[PDB]
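# pasting an experimental structure, sequence included:
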Amino acid sequence: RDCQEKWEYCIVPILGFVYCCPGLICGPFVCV
């Protein structure tokens, strides 16, 4: 999908940011 894995970067919500794939939550530092 047009998203990244959970344990990747996960950057703050800005305009046109790259998000982690659905079913993941950004918590520890990255998504999981």
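Structure's in. What do you need? Residues are numbered from 1 along each chain as shown.
# secondary structure element holding the most far-flung residue of the chain relative to its centre?
Distance from the C-alpha centroid of the chain peaks at residue 15, with 14.0 Å (CA atoms, centre = their mean). If you go by DSSP states H and E, residue 15 is not part of any helix or strand.
# from residue 14, how far off is the residue nearest the centre of the chain?
Closest to where the C-alpha atoms of the chain average out (CA atoms, centre = their mean) is residue 20, at 2.7 Å. As for residue 20, its distance to residue 14 is 14 Å (criterion: CB to CB, to the nearest Å). All C-beta atoms are positioned from the backbone trio N, CA, C, and that covers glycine.
# for the residue nearest to the centre of the chain, which non-adjacent residue is closest in space?
residue 31 (3.7 Å; CB to CB, 6 or more residues apart in numbering).
# the one you found contacts residue 18, doesn't it?
No - using CB atoms under 8 Å, residue 31 is not in contact with residue 18, being 11.1 Å away.
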